[PDB]
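1. Can you look at this? It's an experimental structure, sequence on top.
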Amino acid sequence: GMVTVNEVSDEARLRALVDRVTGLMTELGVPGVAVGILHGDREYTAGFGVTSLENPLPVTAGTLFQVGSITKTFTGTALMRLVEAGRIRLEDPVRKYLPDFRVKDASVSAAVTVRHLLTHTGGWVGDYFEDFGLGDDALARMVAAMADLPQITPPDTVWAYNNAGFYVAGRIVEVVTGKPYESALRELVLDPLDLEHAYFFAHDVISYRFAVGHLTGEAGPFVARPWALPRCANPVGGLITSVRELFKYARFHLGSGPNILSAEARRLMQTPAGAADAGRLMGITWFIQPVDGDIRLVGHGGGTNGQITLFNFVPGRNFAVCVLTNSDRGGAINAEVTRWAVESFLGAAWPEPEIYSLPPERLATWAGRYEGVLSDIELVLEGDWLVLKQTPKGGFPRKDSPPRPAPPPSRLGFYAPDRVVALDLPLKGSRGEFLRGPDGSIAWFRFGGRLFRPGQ
Amino acid sequence: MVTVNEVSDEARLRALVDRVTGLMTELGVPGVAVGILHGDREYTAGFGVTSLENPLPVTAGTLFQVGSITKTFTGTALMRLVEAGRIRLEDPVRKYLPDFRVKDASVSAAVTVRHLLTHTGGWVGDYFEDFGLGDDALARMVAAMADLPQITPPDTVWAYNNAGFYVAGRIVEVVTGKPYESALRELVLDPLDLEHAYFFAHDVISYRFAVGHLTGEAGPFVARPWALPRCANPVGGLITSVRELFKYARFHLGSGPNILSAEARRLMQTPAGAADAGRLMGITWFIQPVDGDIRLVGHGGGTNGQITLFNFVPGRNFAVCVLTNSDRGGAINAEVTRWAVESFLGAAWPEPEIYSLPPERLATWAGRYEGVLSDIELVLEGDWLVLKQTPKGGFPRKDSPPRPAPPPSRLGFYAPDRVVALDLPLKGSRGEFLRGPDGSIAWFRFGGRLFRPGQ
């Protein structure tokens, strides 16, 4: 059962895209993929596949997807909204607005600022997902539950993707505004930017065209259940929107949109506040990726229960690209579509780092167990290559949800000292870094933004 | 030309599929789902599409908003707490809700649980607002009922009372110590093995569901908002399919597991008095006599563009199910139910005989009639009285816009002070003029709701 090509705005221009994507989906098993490209006054949209495997409908440019972690930028934009009005400062401590907030470390609980949450420099355990109902008290109970959150590293030491840090970021918006986050996000960002179809609950998306998530196991893909994230995770990644609205979001952040943030504040979100992971830079919620001289990708990735998305934009060039898939393997599509649009519309040259292996005597020093909070990473020496074998521990989306189907193993190839990238689909493209301790021993293995402790 | 999706028995339902395929193109309903249970044989029939913007074939497993049918589920939970010796229908409400209050002080102290389940409260029945998506939504609504005025004193004039089930549902919450949606699972839903019986959009979204359709001037369109307030879940927030309503039907026929005693279900199906339009009122059940010993026991359902109907005949292992996703599906709810009764049991449907009234006599019933959710105008046209409904809004939410008014319908008499509409989509709805002791018209009961004569 091959994939469908539902809608293509320009057929001749996106012809290479149509064939490049229509191929991958057959490979990975992605049920549906929505693409949107922006270049000056022109907008290029393309829809592939079906919304659901059980309930198929053609994926279009207006199809509603769960953009996932892209919502963090909306939370940051809403916070910078409050910074411009003189109500919040990024250097202010969190306890200035939530005096009851606390994590396991008391010294960190009193020194963490708003800037720490938006730059993932808190240091506590990030991937922490519980459910506290569907009422407006869900987010306030999430933050109070963070009192047991242990410290992985002290703050401002080793960069770590922090989902839990945005519970506080959204809760700060709740307190300073005095309204629920979903209403406040709608008040400061959605309504002024004319984001018509941008929702947080399933009771607003049912009557339209939406996508469901898919997990792929041995015998193929299947619908991912449950479809909805906990309400307390909405400031983290609970937004549901389409390509046509992500275009409006891109125009604003490119300086070509309305002024809910002055240009000065918008460029501050896109100024590197420090290093992130895998050669990326950390803005204010924004990820910055150097490419070709002045050309650098600003954006963020997304991923819920079976819905993997990506959003990027080039400042001063009026360029943007959105890719929204409904499979746990759509990240491979997210990368190739983003790369082609930059190489096709901006004519840039991409930094393809040289892939190499090492003598197996050295590779044996990297193999072993690597323990995370959401999954395990398993490196074993097979042939002249190191192979990554991931194993989800369970706990997503709910604390009782089952372990998701593990992806097929992939070979690891070095492109720099202590830096690797996966060479086989569907993990192909994900970079990793071995952070070593003061004695020279492996202290962490950062992969996908998360830190894994060497167990051996 | 409407696609036929599923038929369990094409031969036995040969005449059925033809009647529905024609009735859908006439009224404009996008999809219906039919389920017939007779003995050990079950007959299902899938029809049409789940949506006009996003069609999908409707099957027996397609999730429909059964609407006010949920009231029967709420009464089943309370009747389960009846058997456990936890609650009593004759007990006042304040025994379980000591803070409960309506505008009338005496009624607040005398209303019982039986009053809630039999629509005999007397306060304003149609009262809807929103208090969030949390487990506190039902508590804030019952507390907001402290201002609901009295239309009539209790046990005087029967009237449909949605509000009473806010309290009847809240009584389940306090007695069990769980949310109302959870308490229903623990009491009836899970004991009867009905997985696909949900209340929230976030649980139905991953499956096949039907969206509501409203019929306006430019034709039918997808009804927004799809969602009902969480506090209205004890009123009519249940979402399920035909496959699950069979087990629910089988249970009340006795051919299911006994979470309720046999005499309890019989006491639920026993008429506790007269309701509206010749129907009888049991414990949440609506009883309509048709022929001899055969009686239709069931309930209607109505949400934002989804009309449903569920009836069963005790003593015959018989039950019918018709779920439509458009506001004009009521004629198909009656037609399929009417056909199924005398096709599988062989009875004779009570088709009322109509007689005409001179215009000098009809003019005594004409005038303006004011209601809560809609307005009624009775107009003399030729040798007939014409009903004109004018909704004012407030459904599903207190700020929702008024729905398109249904086409007017002529009114024909079948008994003194008793009418029945003759034109679609109102064809079949009977009305009643209740006369005060002084002989003047006190109320016009239409659609189970009361209307005051205009001043």
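-> Structure's in. What do you need? Residues are numbered from 1 along each chain as shown, chains lettered A, B, ... in the order given.

2. which non-adjacent residue is nearest the closest residue to chain B within the stretch 51-200 of chain A?
-> Closest to chain B within the stretch 51-200 of chain A is residue A:135: 2.2 Å, counting by Cβ to the nearest Cβ. (C-beta placed from N, C-alpha, C; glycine too.) Nearest non-adjacent residue to residue A:135, counting by Cβ to Cβ, 6 or more residues apart in numbering or on different chains: residue B:134, 2.2 Å away.

3. and that neighbour, helix, strand or coil?
-> coil (DSSP: H, G, I helix; E, B strand; the rest coil).

4. count of neighbours near it?
-> Applying other Cβ atoms under 10 Å in any protein chain shown, we find 19 residues neighbouring residue B:134.

5. which residues does it contact?
-> A:133, A:134, A:135, A:136, A:137, A:138, B:230 (Cβ atoms under 8 Å, 6 or more residues apart in numbering or on different chains).

6. give me that answer again for 10 Å
-> A:132, A:133, A:134, A:135, A:136, A:137, A:138, A:231, B:140, B:179, B:230 (Cβ atoms under 10 Å, 6 or more residues apart in numbering or on different chains).

7. give me phi/psi at the last one?
-> Recorded main-chain torsions at residue B:230 are phi -70, psi -30, according to degrees, to the nearest 10.

8. Between the two ends of stretch A:338-355, what distance do you get?
-> By Cα to Cα, to the nearest Å, the extent of stretch A:338-355 from end to end equals 21 Å.

9. oh, I was asking about stretch A:342-355
-> Terminal residues of stretch A:342-355 are spaced 22 Å apart (Cα to Cα).

10. now do stretch A:34-49
-> Stretch A:34-49 has an end-to-end distance of 9 Å (criterion: Cα to Cα).

11. can you check stretch A:420-431 too?
-> End-to-end distance for stretch A:420-431: 6 Å, by Cα to Cα.

12. With stretch A:214-224 instead?
-> 5 Å.

13. Just give me how far it sits from the chain centre.
-> Distance, stretch centre to chain centre, for stretch A:214-224: 21 Å (Cα atoms, centre = their mean, to the nearest Å).

14. okay, now the domains of chain A?
-> A:1-351, A:360-454 (automatic domain parsing).

15. Work out the gap between the longest one and the centre of the chain.
-> The gap between where domain A:1-351 is centred and where its chain is centred comes out at 6 Å by Cα atoms, centre = their mean.

16. cool, and the shortest one?
-> Computed by Cα atoms, centre = their mean, the chain-centroid distance of domain A:360-454 equals 18 Å.

17. end to end, how far does that domain reach?
-> By Cα to Cα, the extent of domain A:360-454 from end to end equals 19 Å.

18. Kindly report the same for the first one.
-> Taking Cα to Cα, the first and last residues of domain A:1-351 lie 36 Å apart.

19. Residue of the stretch 351-456 of chain A closest to chain B, please.
-> Closest approach of the stretch 351-456 of chain A to chain B (Cβ to the nearest Cβ) occurs at residue A:397, with a separation of 11.1 Å.

20. partner residues bridging residue A:151?
-> In this entry, residue A:151 is beta-bridged to residue A:124, by DSSP bridges.

21. same check, this time on residue A:414
-> Counting by DSSP bridges, the residues bridging with residue A:414 are residue A:356, residue A:420.

22. On the strand side of things, show who residue A:434 bridges to.
-> Bridge pairing for residue A:434 (DSSP bridges) gives the partners residue A:445.

23. next one: residue A:385
-> Applying DSSP bridges to residue A:385 gives these bridge partners: residue A:382.
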